[PDB]
């Protein structure tokens, strides 16, 4: 990852409680950096382990993927979390 991506990832880890509001199933179809195999894996993960544990798995999966920060920003806006999107963007460019 880039300096920007790492910095963004740490912001996310540090604001666990804000990001925990994300509904995994709702956000997945918007995350274009995930492959369809990635999405299948993550849905099956949700079914078994529920939203919170899957969120953790979702973020560590994301940062293994090219351009995940922008993928996440777009998805957050689509999931009525445009405020989180704006903070993620600001950190990434900070």
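Positions refer to the first chain, counted from 1.
- Between 65 to 73 and 39 to 47, it is 39 to 47 that carries the larger average Cα temperature factor according to the deposited entry.
- Split the chain's modelled residues into thirds by C-alpha temperature factor. Residue 4 is in the lowest one.
- Ranked within its chain, residue 27 lands in the middle third, by CA B factor from the PDB record.
- Per-chain ranking of the deposited C-alpha B factor places residue 12 in the middle third.
- Among all modelled residues in this chain, the alpha-carbon of residue 60 has a temperature factor (C-alpha) in the middle third.
- For residue 85, the recorded CA temperature factor ranks within the lowest third of the chain's modelled residues.
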